[PDB]
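S.K.: Here it is: the structure, laid out below.
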Amino acid sequence: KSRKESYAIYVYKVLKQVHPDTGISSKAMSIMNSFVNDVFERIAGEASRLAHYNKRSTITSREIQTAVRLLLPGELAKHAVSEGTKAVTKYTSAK
Amino acid sequence: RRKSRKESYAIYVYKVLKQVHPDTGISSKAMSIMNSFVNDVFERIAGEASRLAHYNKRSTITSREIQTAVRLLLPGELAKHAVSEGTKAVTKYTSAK
Amino acid sequence: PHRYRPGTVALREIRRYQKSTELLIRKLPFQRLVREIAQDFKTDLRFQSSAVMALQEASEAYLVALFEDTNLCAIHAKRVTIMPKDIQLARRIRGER
Amino acid sequence: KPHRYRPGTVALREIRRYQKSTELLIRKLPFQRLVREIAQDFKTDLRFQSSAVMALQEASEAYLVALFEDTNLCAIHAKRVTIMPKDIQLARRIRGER
Amino acid sequence: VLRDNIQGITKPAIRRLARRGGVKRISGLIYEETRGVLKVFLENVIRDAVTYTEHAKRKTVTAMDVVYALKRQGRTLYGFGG
Amino acid sequence: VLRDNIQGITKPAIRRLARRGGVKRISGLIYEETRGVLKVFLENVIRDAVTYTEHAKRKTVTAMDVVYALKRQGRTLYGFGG
Amino acid sequence: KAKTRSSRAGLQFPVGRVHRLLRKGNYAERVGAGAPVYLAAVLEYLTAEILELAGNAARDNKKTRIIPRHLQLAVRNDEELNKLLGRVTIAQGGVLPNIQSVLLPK
Amino acid sequence: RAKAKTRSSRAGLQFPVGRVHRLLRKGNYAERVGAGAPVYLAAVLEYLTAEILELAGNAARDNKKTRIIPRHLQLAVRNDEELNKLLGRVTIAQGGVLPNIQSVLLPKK
DNA sequence: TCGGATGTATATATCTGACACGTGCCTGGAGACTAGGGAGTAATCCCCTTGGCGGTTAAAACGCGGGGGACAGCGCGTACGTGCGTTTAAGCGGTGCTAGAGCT
DNA sequence: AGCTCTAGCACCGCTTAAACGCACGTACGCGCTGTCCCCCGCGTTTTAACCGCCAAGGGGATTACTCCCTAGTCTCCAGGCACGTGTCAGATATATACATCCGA
């Protein structure tokens with residue numbers, strides 16, 4: 001289809017939560033969208049390897065959590081894992 | 001209990017060895033390296049063939065994807081020979097049942 | 001009349017080009033070089049305006065990064081003038097040569 | 001007086017011998033303890049397969065040997081025969097490891 | 001047929017790149033060495049880019065083709081698409 | 001329990017590695033620099049290997065875990081399976 | 001009433017889109033419901049980190065619109081984002097201002 | 001029923017087309033795998049196997065050895081400019097390194 | 001030392017095209033329900049990792065002489081930087097087209 | 001296979017500032033030298049790596065069984081994405097502070 005899907009709106013919403021007074025150029029937004037897609041591909045890519053290495057058939061939070069710990073550096077991983085686990089905890093508990 | 005069958009390219013690597021050097025043998029360590037090499041090159045070509053299919057939003061990996069992955073991953077003349085060998089195999093195979 | 005000593009303006013140019021984001025290579029000459037190379041792989045190829053810019057952005061970033069590595073090895077030889085052997089060493093240690 | 005080889009003569013002989021052979025140059029037991037020591041900082045009471053320790057040693061020795069080659073080039077580039085810490089630091093910096 | 005376009009990259013352009021790279025003084029031979037290095041770099045990137053174009057059976061090299069080539073060569077470029 | 005084992009890698013062992021690397025003359029300061037470099041290398045590889053072991057809920061680090069750690073680290077090791 | 005999975009998790013990034021991409025990307029035969037929630041949170045967190053450092057760089061340059069320069073500065077100044085994006089080139093990002101002390105005047 | 005004949009034998013290949021086909025599916029590289037894909041891939045893998053084994057056998061004879069060992073594989077992969085590029089990021093266990101000394105280190109008269 | 005030249009920094013004002021905001025709408029996410037087998041549990045086994053003893057014997061550590069190379073200091077020249085007049089062609093605006101990317 | 005109509009290609013004309021050739025000085029390449037130190041090669045001392053055999057126990061691999069979780073399917077609807085919009089952020093233009101560099 002003609003319609004192109006991009007994380008623009010979501011990146012913008014995060015920007016508003018971080019710096020509501022600050023805007024973002026279309027060029028900077030293109031970089032951010034490509035950045036999100038690259039990091040997404042890395043985590044999903046490593047998550048697939050983890051499942052295959054264990055001959056598993058489904059990607060779970062453990063694979064994502066492990067991929068994050070492998071791909072992201074020390075502090076980013078620890079902080080990202082806290083955010084990820086919190087989001088999964090709230091999602092399942094809120095129901 | 002009995003050990004679970006683990007597949008390996010050992011006998012196939014050996015048959016290829018008998019063609020290039022009938023008098024030459026290969027140690028288990030060297031065979032393990034050759035098996036690792038075959039598996040690694042397999043995963044690399046298959047991995048690039050996957051990206052190619054996804055980039056063109058194709059659902060099937062065909063000889064076109066494999067041929068292109070080979071041209072990308074193999075350097076210089078290795079690509080030309082590999083493409084020729086792959087083409088010869090596929091063309092002759094198509095003549096079979 | 002007044003004149004700046006050797007290297008005085010060079011240091012000013014370094015600050016200027018590090019503070020500036022614009023492409024340092026002329027767009028049209030770089031585009032012709034891309035065309036000259038592409039025609040060897042396939043005749044009558046076409047390039048999107050964004051594709052030519054993408055090649056230039058990567059090429060300039062690659063060369064700038066290489067010059068930094070080159071400058072570091074030049075300094076290691078207690079020199080300030082970069083020489084071809086510095087570029088060769090950088091590319092060799094980077095594993096691209 | 002006893003016969004003595006000139007400085008660097010035996011070094012060249014050592015280079016040839018170690019480049020001709022494929023034997024691992026680090027002692028297995030000291031390296032094995034080092035591996036578990038580093039591992040002990042990540043998870044207590046870990047176990048290591050015998051082949052896992054060998055795999056780490058093969059990679060570690062190959063990495064250091066390759067780094068020493070890059071280190072020798074930058075040392076030679078500075079018109080020096082003796083490699084210095086700045087040679088390793090530069091090789092690693094140019095390799096993008098720092 | 002375009003030819004001898006490598007010499008089209010002006011001498012100051014190489015200087016500007018070196019200046020951005022922090023190079024204070026540039027030897028007169030760096031210009032030819034830099035042209036040769038860029039020639040090799042572009043050949044490698046264009047070869048893969050054209051390969052993606054040919055595999056897609058297209059005649060126009062798309063920006064995504066260059067990004068994929070750069071991505072395969074471990075020099076992923078952000079800003080030209082995902 | 002295990003401690004200071006980094007000093008257990010003897011000075012000749014580093015020399016032998018340097019000799020295989022073709023180094024004809026080695027300054028005495030290289031030994032400490034080499035140990036530090038090796039320590040961070042092993043730390044990066046072991047961290048990933050242990051991470052695969054933990055994900056598999058296993059208690060022993062297998063050769064595959066090491067090969068996958070190395071493979072992910074960007075250096076592939078042939079001869080240990082996979 | 002339908003409530004998007006992102007709002008349930010308290011996230012802005014679309015869990016639905018991440019779930020669709022995980023399934024359509026053929027990363028595995030199956031995808032657990034927890035995977036897209038966890039992944040969306042990680043992507044949202046890393047997005048916030050980049051935007052925060054980029055916004056600070058923008059404010060430091062007395063600018064109120066993030067441009068590629070601010071993104072490059074943020075990525076290279078952070079000791080961890082530079083490690084994650086060490087192999088990454090940013091369009092129009094330029095380079096960090098840096099001159100070696102050996103080059104400066106006596 | 002016709003006599004079962006392996007796809008490898010039909011293609012004139014030693015490498016198992018069936019195994020390559022199974023692995024291409026089990027690895028989930030794509031939703032579908034064309035019958036021509038494993039034949040082409042098996043031929044490429046078989047060719048590259050022959051290329052290394054040919055050079056490795058030559059290195060073995062040059063060392064007066066009849067069995068290929070990791071040393072012969074390393075010498076072959078590193079002496080060939082193209083195989084060294086394909087396996088530049090690859091480390092071979094017990095393979096060692098090429099016997100090369102920088103000319104500047106050798107003595108002078 | 002040091003004062004003069006003088007590039008960069010900063011404050012003000014005009015402008016504008018870019019992005020911040022609104023809209024229509026439609027498609028793909030959300031809700032609902034199912035099958036069914038992947039994942040999880042439990043019980044078992046056994047093999048291979050951890051640990052110890054013994055001793056030896058090769059390898060490591062230690063001291064030393066000394067030599068050759070690390071490199072501080074110097075010469076000096078020619079190479080590279082700075083400056084200028086020249087002029088080149090890159091960049092821009094505009095017009096023509098139509099191959100061929102995109103979609104059905 | 002067919003249609004569309006995008007935008008890549010080609011060309012002209014003008015601008016002007018980047019590119020160039022050249023003048024010419026001294027910054028810096030590096031050949032040469034002194035030297036002293038620290039690294040080498042060797043003998044000696046010694047220590048802990050290695051071999052080898054035995055323990056044992058745990059955790060990895062396996063089987064059996066289950067179930068609850070995900071993929072498929074369906075409905076639904078308002079979230080998100082092209083289109084529309086405009087106003088105000090930073091480019092452009094000007095004024096003008098203030099540090100640094102060089103020649104004396």
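For the structure tokens, the naming scheme is as follows: chains receive sequential letters (A, B, ...) according to their order of presentation, residues are indexed from 1 within each chain, and ligands are indexed from 1 in presentation order.
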Let's have chain E fitted on chain F; use all the C-alpha atoms paired in order for the least-squares step and return it as a short mmCIF file (atom, residue, chain, number, x, y, z; two decimals) with N, CA and C atoms, in the first residue's frame.

M.R.:
data_model
loop_
_atom_site.label_atom_id
_atom_site.label_comp_id
_atom_site.auth_asym_id
_atom_site.auth_seq_id
_atom_site.Cartn_x
_atom_site.Cartn_y
_atom_site.Cartn_z
N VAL E 1 37.31 -18.30 47.10
CA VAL E 1 37.09 -17.35 46.02
C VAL E 1 38.41 -17.04 45.32
N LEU E 2 38.45 -17.30 44.01
CA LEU E 2 39.64 -17.03 43.23
C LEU E 2 39.85 -15.53 43.10
N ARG E 3 41.10 -15.09 43.29
CA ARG E 3 41.43 -13.67 43.18
C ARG E 3 42.89 -13.52 42.79
N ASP E 4 43.18 -12.41 42.11
CA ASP E 4 44.53 -12.07 41.66
C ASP E 4 45.12 -13.14 40.74
N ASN E 5 44.28 -13.70 39.88
CA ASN E 5 44.72 -14.73 38.95
C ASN E 5 45.26 -14.14 37.65
N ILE E 6 45.00 -12.86 37.40
CA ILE E 6 45.52 -12.20 36.20
C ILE E 6 47.05 -12.23 36.21
N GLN E 7 47.65 -12.06 37.39
CA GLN E 7 49.10 -12.14 37.52
C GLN E 7 49.61 -13.56 37.30
N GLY E 8 48.71 -14.54 37.25
CA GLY E 8 49.08 -15.91 36.97
C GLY E 8 49.53 -16.14 35.55
N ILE E 9 49.15 -15.26 34.62
CA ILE E 9 49.61 -15.37 33.25
C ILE E 9 51.07 -14.95 33.20
N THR E 10 51.95 -15.94 33.13
CA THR E 10 53.39 -15.74 33.20
C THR E 10 53.87 -14.70 32.20
N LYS E 11 54.98 -14.05 32.55
CA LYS E 11 55.59 -13.07 31.66
C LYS E 11 56.02 -13.70 30.34
N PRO E 12 56.65 -14.87 30.31
CA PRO E 12 56.98 -15.49 29.02
C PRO E 12 55.76 -15.82 28.18
N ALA E 13 54.63 -16.16 28.81
CA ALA E 13 53.42 -16.44 28.04
C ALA E 13 53.02 -15.24 27.20
N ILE E 14 53.11 -14.04 27.77
CA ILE E 14 52.80 -12.84 27.00
C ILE E 14 53.85 -12.67 25.91
N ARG E 15 55.11 -12.96 26.23
CA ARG E 15 56.18 -12.92 25.24
C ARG E 15 55.90 -13.88 24.10
N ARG E 16 55.55 -15.13 24.43
CA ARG E 16 55.24 -16.12 23.40
C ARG E 16 54.15 -15.61 22.46
N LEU E 17 53.08 -15.05 23.03
CA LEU E 17 52.02 -14.50 22.19
C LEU E 17 52.55 -13.39 21.30
N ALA E 18 53.36 -12.50 21.88
CA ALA E 18 53.97 -11.43 21.10
C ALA E 18 54.93 -11.98 20.05
N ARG E 19 55.71 -13.01 20.41
CA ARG E 19 56.61 -13.63 19.44
C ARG E 19 55.83 -14.21 18.27
N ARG E 20 54.74 -14.93 18.57
CA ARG E 20 53.90 -15.44 17.49
C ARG E 20 53.36 -14.29 16.65
N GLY E 21 53.02 -13.18 17.29
CA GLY E 21 52.58 -11.98 16.60
C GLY E 21 53.68 -11.23 15.88
N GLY E 22 54.90 -11.76 15.87
CA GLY E 22 56.00 -11.13 15.19
C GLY E 22 56.72 -10.04 15.95
N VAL E 23 56.44 -9.86 17.24
CA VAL E 23 57.08 -8.80 18.01
C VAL E 23 58.51 -9.22 18.32
N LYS E 24 59.47 -8.43 17.84
CA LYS E 24 60.88 -8.73 18.08
C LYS E 24 61.34 -8.29 19.47
N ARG E 25 60.93 -7.10 19.92
CA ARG E 25 61.35 -6.58 21.21
C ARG E 25 60.13 -6.07 21.96
N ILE E 26 60.03 -6.43 23.24
CA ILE E 26 58.86 -6.14 24.07
C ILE E 26 59.26 -5.26 25.24
N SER E 27 58.63 -4.09 25.36
CA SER E 27 58.89 -3.21 26.49
C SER E 27 58.35 -3.83 27.78
N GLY E 28 59.02 -3.51 28.89
CA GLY E 28 58.64 -4.04 30.19
C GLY E 28 57.23 -3.70 30.64
N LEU E 29 56.63 -2.65 30.09
CA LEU E 29 55.26 -2.28 30.44
C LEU E 29 54.20 -3.02 29.65
N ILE E 30 54.57 -3.70 28.56
CA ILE E 30 53.60 -4.39 27.72
C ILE E 30 52.90 -5.50 28.49
N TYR E 31 53.59 -6.10 29.45
CA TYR E 31 53.02 -7.21 30.21
C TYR E 31 51.80 -6.78 31.01
N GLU E 32 51.88 -5.66 31.72
CA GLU E 32 50.71 -5.19 32.45
C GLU E 32 49.62 -4.73 31.50
N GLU E 33 49.99 -4.03 30.43
CA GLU E 33 49.00 -3.59 29.45
C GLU E 33 48.29 -4.77 28.80
N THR E 34 49.05 -5.81 28.44
CA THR E 34 48.45 -7.00 27.84
C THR E 34 47.51 -7.72 28.80
N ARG E 35 47.91 -7.84 30.07
CA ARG E 35 47.04 -8.46 31.07
C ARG E 35 45.73 -7.70 31.19
N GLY E 36 45.80 -6.37 31.25
CA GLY E 36 44.60 -5.56 31.32
C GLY E 36 43.70 -5.71 30.11
N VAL E 37 44.29 -5.72 28.91
CA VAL E 37 43.51 -5.88 27.68
C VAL E 37 42.81 -7.24 27.66
N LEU E 38 43.54 -8.30 28.01
CA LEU E 38 42.92 -9.63 28.04
C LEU E 38 41.82 -9.70 29.08
N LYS E 39 42.04 -9.06 30.24
CA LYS E 39 41.03 -9.01 31.29
C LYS E 39 39.73 -8.39 30.77
N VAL E 40 39.84 -7.29 30.03
CA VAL E 40 38.66 -6.66 29.45
C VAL E 40 38.03 -7.55 28.39
N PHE E 41 38.84 -8.15 27.52
CA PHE E 41 38.32 -9.05 26.49
C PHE E 41 37.56 -10.22 27.09
N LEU E 42 38.16 -10.91 28.06
CA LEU E 42 37.50 -12.04 28.69
C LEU E 42 36.23 -11.63 29.43
N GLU E 43 36.24 -10.47 30.07
CA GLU E 43 35.03 -9.98 30.73
C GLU E 43 33.88 -9.82 29.74
N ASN E 44 34.16 -9.26 28.57
CA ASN E 44 33.12 -9.08 27.56
C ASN E 44 32.61 -10.41 27.03
N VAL E 45 33.52 -11.34 26.72
CA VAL E 45 33.10 -12.65 26.21
C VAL E 45 32.38 -13.46 27.27
N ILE E 46 32.90 -13.49 28.50
CA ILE E 46 32.25 -14.29 29.54
C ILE E 46 30.89 -13.71 29.90
N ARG E 47 30.77 -12.38 29.93
CA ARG E 47 29.48 -11.75 30.23
C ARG E 47 28.39 -12.26 29.29
N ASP E 48 28.67 -12.27 27.99
CA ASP E 48 27.68 -12.77 27.04
C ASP E 48 27.49 -14.28 27.17
N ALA E 49 28.58 -15.02 27.34
CA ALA E 49 28.48 -16.47 27.49
C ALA E 49 27.61 -16.84 28.69
N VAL E 50 27.87 -16.21 29.84
CA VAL E 50 27.06 -16.44 31.03
C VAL E 50 25.62 -16.02 30.78
N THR E 51 25.42 -14.95 30.02
CA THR E 51 24.07 -14.51 29.68
C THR E 51 23.31 -15.58 28.90
N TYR E 52 23.98 -16.25 27.96
CA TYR E 52 23.30 -17.35 27.27
C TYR E 52 23.03 -18.51 28.22
N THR E 53 23.98 -18.81 29.10
CA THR E 53 23.78 -19.87 30.09
C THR E 53 22.60 -19.55 30.99
N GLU E 54 22.54 -18.32 31.50
CA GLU E 54 21.44 -17.90 32.36
C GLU E 54 20.10 -17.93 31.62
N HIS E 55 20.08 -17.47 30.36
CA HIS E 55 18.83 -17.52 29.60
C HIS E 55 18.36 -18.95 29.41
N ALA E 56 19.29 -19.86 29.13
CA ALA E 56 18.93 -21.27 29.01
C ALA E 56 18.62 -21.91 30.36
N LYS E 57 18.71 -21.14 31.44
CA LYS E 57 18.48 -21.63 32.80
C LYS E 57 19.44 -22.75 33.18
N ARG E 58 20.61 -22.78 32.54
CA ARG E 58 21.61 -23.79 32.84
C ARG E 58 22.59 -23.26 33.88
N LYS E 59 23.31 -24.18 34.51
CA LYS E 59 24.36 -23.84 35.46
C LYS E 59 25.76 -24.09 34.94
N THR E 60 25.91 -24.80 33.83
CA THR E 60 27.21 -25.07 33.23
C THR E 60 27.34 -24.31 31.92
N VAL E 61 28.41 -23.53 31.80
CA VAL E 61 28.69 -22.79 30.57
C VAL E 61 29.16 -23.76 29.50
N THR E 62 28.33 -23.95 28.48
CA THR E 62 28.62 -24.87 27.39
C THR E 62 29.53 -24.20 26.37
N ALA E 63 30.32 -25.01 25.66
CA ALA E 63 31.21 -24.47 24.63
C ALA E 63 30.44 -23.68 23.58
N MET E 64 29.23 -24.14 23.24
CA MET E 64 28.40 -23.39 22.29
C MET E 64 28.07 -22.00 22.80
N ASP E 65 27.96 -21.84 24.13
CA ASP E 65 27.69 -20.52 24.70
C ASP E 65 28.83 -19.56 24.41
N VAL E 66 30.07 -20.05 24.48
CA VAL E 66 31.22 -19.22 24.17
C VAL E 66 31.25 -18.89 22.68
N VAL E 67 30.97 -19.88 21.83
CA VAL E 67 30.94 -19.65 20.39
C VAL E 67 29.89 -18.61 20.04
N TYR E 68 28.71 -18.69 20.66
CA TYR E 68 27.67 -17.69 20.40
C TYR E 68 28.12 -16.31 20.86
N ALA E 69 28.77 -16.23 22.02
CA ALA E 69 29.28 -14.94 22.49
C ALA E 69 30.30 -14.39 21.50
N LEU E 70 31.24 -15.23 21.07
CA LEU E 70 32.24 -14.81 20.10
C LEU E 70 31.59 -14.44 18.77
N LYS E 71 30.59 -15.22 18.36
CA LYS E 71 29.85 -14.94 17.13
C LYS E 71 29.16 -13.59 17.20
N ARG E 72 28.51 -13.29 18.33
CA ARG E 72 27.87 -11.99 18.50
C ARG E 72 28.88 -10.86 18.46
N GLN E 73 30.06 -11.07 19.03
CA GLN E 73 31.10 -10.06 19.05
C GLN E 73 31.91 -10.01 17.75
N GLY E 74 31.46 -10.70 16.70
CA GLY E 74 32.16 -10.64 15.43
C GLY E 74 33.51 -11.31 15.42
N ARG E 75 33.69 -12.36 16.21
CA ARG E 75 34.94 -13.11 16.26
C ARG E 75 34.64 -14.60 16.28
N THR E 76 33.73 -15.02 15.40
CA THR E 76 33.30 -16.42 15.33
C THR E 76 34.49 -17.37 15.29
N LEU E 77 34.40 -18.42 16.10
CA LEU E 77 35.44 -19.43 16.25
C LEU E 77 34.98 -20.74 15.63
N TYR E 78 35.77 -21.27 14.70
CA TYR E 78 35.48 -22.54 14.05
C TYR E 78 36.20 -23.68 14.75
N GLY E 79 35.50 -24.79 14.95
CA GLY E 79 36.06 -25.97 15.58
C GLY E 79 35.39 -26.42 16.86
N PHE E 80 34.45 -25.67 17.43
CA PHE E 80 33.82 -26.06 18.68
C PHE E 80 32.32 -26.30 18.53
N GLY E 81 31.85 -26.58 17.32
CA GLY E 81 30.43 -26.81 17.11
C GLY E 81 29.77 -25.85 16.15
N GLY E 82 28.62 -26.24 15.62
CA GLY E 82 27.89 -25.41 14.67
C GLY E 82 26.60 -24.86 15.25
#

S.K.: So how many Å separate CA of residue 94 (chain G) and CA of residue 10 (chain C), to one decimal?

M.R.: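 Value for the CA of residue 94 (chain G)-CA of residue 10 (chain C) distance: 18.4 Å.
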
S.K.: Restricting the calculation to only C-alpha atoms, which member of A:27, A:13, A:55, A:4 is positioned closest to residue 92 (chain G)?

M.R.: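 The answer is A:27, which sits nearest to residue 92 (chain G).
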
S.K.: Taking a cut-off of 9 Å and counting only C-alpha atoms, can you build a table that, for each residue of chain A near chain E, reports the nearest atom pair and how far apart they are in Å (one decimal), sorted by chain then residue number, as a tab-separated table?

M.R.:
residue	atom	partner	partner_atom	distance
A:6	CA	E:82	CA	8.7
A:27	CA	E:79	CA	6.8
A:28	CA	E:79	CA	7.5
A:29	CA	E:79	CA	8.1
A:30	CA	E:79	CA	5.0
A:31	CA	E:79	CA	4.0
A:32	CA	E:79	CA	7.7
A:33	CA	E:82	CA	7.1
A:34	CA	E:82	CA	4.7
A:35	CA	E:78	CA	6.4
A:36	CA	E:82	CA	8.7
A:37	CA	E:82	CA	6.0
A:38	CA	E:82	CA	7.4

S.K.: Give as a list in words every residue of chain D that touches chain G within 10 Å, counting only C-alpha atoms.

M.R.: residues 96, 97 and 98 of chain D

S.K.: Considering only C-alpha atoms, give me a table of residues in chain B that are at most 7 Å from chain F, with the closest atom pair and distance in Å for each, as a tab-separated table.

M.R.:
residue	atom	partner	partner_atom	distance
B:29	CA	F:79	CA	6.5
B:32	CA	F:79	CA	5.1
B:33	CA	F:79	CA	4.3
B:36	CA	F:78	CA	5.5
B:37	CA	F:78	CA	6.8
B:39	CA	F:82	CA	6.9

S.K.: Please produce a file of the residues just selected, as a short mmCIF file (atom, residue, chain, number, x, y, z; two decimals), in the first residue's frame, where the atoms kept are N, CA and C atoms.

M.R.:
data_model
loop_
_atom_site.label_atom_id
_atom_site.label_comp_id
_atom_site.auth_asym_id
_atom_site.auth_seq_id
_atom_site.Cartn_x
_atom_site.Cartn_y
_atom_site.Cartn_z
N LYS B 29 39.58 -32.93 14.16
CA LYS B 29 39.63 -31.49 14.43
C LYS B 29 39.43 -30.69 13.15
N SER B 32 35.84 -30.98 12.13
CA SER B 32 34.98 -30.12 12.93
C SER B 32 35.04 -28.68 12.43
N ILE B 33 36.22 -28.22 12.04
CA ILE B 33 36.36 -26.88 11.48
C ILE B 33 35.62 -26.78 10.15
N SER B 36 32.01 -26.58 10.85
CA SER B 36 31.71 -25.23 11.32
C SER B 36 31.68 -24.24 10.15
N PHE B 37 32.64 -24.38 9.24
CA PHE B 37 32.71 -23.52 8.05
C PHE B 37 31.46 -23.67 7.19
N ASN B 39 28.47 -24.81 8.08
CA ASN B 39 27.33 -24.27 8.81
C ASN B 39 27.34 -22.75 8.84
#

S.K.: One decimal, in Å: what's the spacing between CA of residue 6 (chain H) and CA of residue 20 (chain B)?

M.R.: 22.5 Å

S.K.: Which one is closest to chain J: C:97, C:42, C:16, C:78? Count only C-alpha atoms (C1' of nucleotides).

M.R.: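 Looking at the shortest contact to chain J, the residue is C:78.
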
S.K.: In Å to one decimal, how far is CA of residue 8 (chain C) from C1' of residue 96 (chain J)?

M.R.: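 Atom-to-atom, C1' of residue 96 (chain J) and CA of residue 8 (chain C) are spaced 24.9 Å apart.
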
S.K.: I'd like a table as CSV: residues in chain A with an atom no more than 7 Å from chain G, each row giving the shortest atom pair and its distance in Å to one decimal, only C-alpha atoms counted, sorted by chain and rising residue number.

M.R.:
residue,atom,partner,partner_atom,distance
A:10,CA,G:13,CA,5.6
A:11,CA,G:47,CA,6.9
A:13,CA,G:12,CA,6.9
A:14,CA,G:48,CA,6.2
A:15,CA,G:51,CA,6.3
A:18,CA,G:52,CA,6.1
A:19,CA,G:55,CA,6.9
A:22,CA,G:64,CA,5.1
A:23,CA,G:65,CA,4.6
A:24,CA,G:66,CA,4.6
A:25,CA,G:67,CA,5.6
A:27,CA,G:68,CA,6.9
A:28,CA,G:68,CA,5.0
A:36,CA,G:43,CA,6.6
A:40,CA,G:43,CA,7.0
A:44,CA,G:27,CA,6.7
A:45,CA,G:27,CA,6.8
A:48,CA,G:27,CA,5.1
A:57,CA,G:29,CA,5.3
A:58,CA,G:30,CA,4.2
A:59,CA,G:31,CA,4.7
A:60,CA,G:35,CA,4.8
A:61,CA,G:35,CA,4.6
A:64,CA,G:35,CA,6.3
A:72,CA,G:84,CA,6.5
A:73,CA,G:80,CA,6.1
A:80,CA,G:42,CA,5.5
A:83,CA,G:41,CA,6.3
A:84,CA,G:38,CA,4.7
A:85,CA,G:38,CA,6.7
A:87,CA,G:9,CA,5.1
A:88,CA,G:38,CA,5.9
A:90,CA,G:9,CA,5.6
A:91,CA,G:9,CA,4.3
A:94,CA,G:8,CA,6.7

S.K.: For a quick test of understanding: name the residues of chain C lying within 10 Å of chain G when counting only C-alpha atoms, and present them as a PDB file with C-alpha atoms, in the first residue's frame.

M.R.:
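And here's part35.pdb as it stands now:
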ATOM      1  CA  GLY C   7      48.984  26.336  10.842  1.00  0.00           C
ATOM      2  CA  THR C   8      47.170  29.292  12.407  1.00  0.00           C
ATOM      3  CA  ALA C  10      44.499  25.500   9.618  1.00  0.00           C
ATOM      4  CA  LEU C  11      43.443  25.413  13.275  1.00  0.00           C
ATOM      5  CA  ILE C  14      39.455  22.680  11.779  1.00  0.00           C
ATOM      6  CA  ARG C  15      37.110  24.475  14.180  1.00  0.00           C
ATOM      7  CA  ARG C  16      34.997  25.738  11.268  1.00  0.00           C
ATOM      8  CA  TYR C  17      34.579  22.327   9.608  1.00  0.00           C
ATOM      9  CA  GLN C  18      34.022  20.526  12.913  1.00  0.00           C
ATOM     10  CA  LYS C  19      31.326  23.041  13.904  1.00  0.00           C
ATOM     11  CA  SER C  20      29.688  22.829  10.445  1.00  0.00           C
ATOM     12  CA  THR C  21      27.387  20.006   9.300  1.00  0.00           C
ATOM     13  CA  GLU C  22      27.182  20.651   5.540  1.00  0.00           C
ATOM     14  CA  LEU C  23      28.793  18.280   3.041  1.00  0.00           C
ATOM     15  CA  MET C  53      23.210  12.003  -1.202  1.00  0.00           C
ATOM     16  CA  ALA C  54      23.248   8.803   0.869  1.00  0.00           C
ATOM     17  CA  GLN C  56      28.045  11.109  -0.225  1.00  0.00           C
ATOM     18  CA  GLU C  57      27.004  11.225   3.444  1.00  0.00           C
ATOM     19  CA  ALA C  58      28.516   7.779   4.040  1.00  0.00           C
ATOM     20  CA  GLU C  60      32.366  11.798   3.777  1.00  0.00           C
ATOM     21  CA  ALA C  61      31.756  10.256   7.202  1.00  0.00           C
ATOM     22  CA  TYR C  62      33.972   7.294   6.294  1.00  0.00           C
ATOM     23  CA  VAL C  64      36.496  11.887   8.099  1.00  0.00           C
ATOM     24  CA  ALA C  65      36.657   8.908  10.459  1.00  0.00           C
ATOM     25  CA  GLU C  68      40.961  10.849  12.533  1.00  0.00           C
ATOM     26  CA  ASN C  71      45.903  11.732  12.492  1.00  0.00           C
ATOM     27  CA  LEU C  72      46.251   9.505  15.570  1.00  0.00           C
ATOM     28  CA  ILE C  75      50.851  11.790  16.131  1.00  0.00           C
ATOM     29  CA  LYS C  78      55.596  12.254  16.664  1.00  0.00           C
ATOM     30  CA  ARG C  79      54.590  13.899  13.374  1.00  0.00           C
ATOM     31  CA  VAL C  80      51.866  16.405  12.586  1.00  0.00           C
TER      32      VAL C  80
END

S.K.: If you run DSSP over the backbone, which residues in chain E end up alpha helix (DSSP H)? Put them as a VMD selection string.

M.R.: chain E and resid 11 to 20 30 to 55 63 to 72
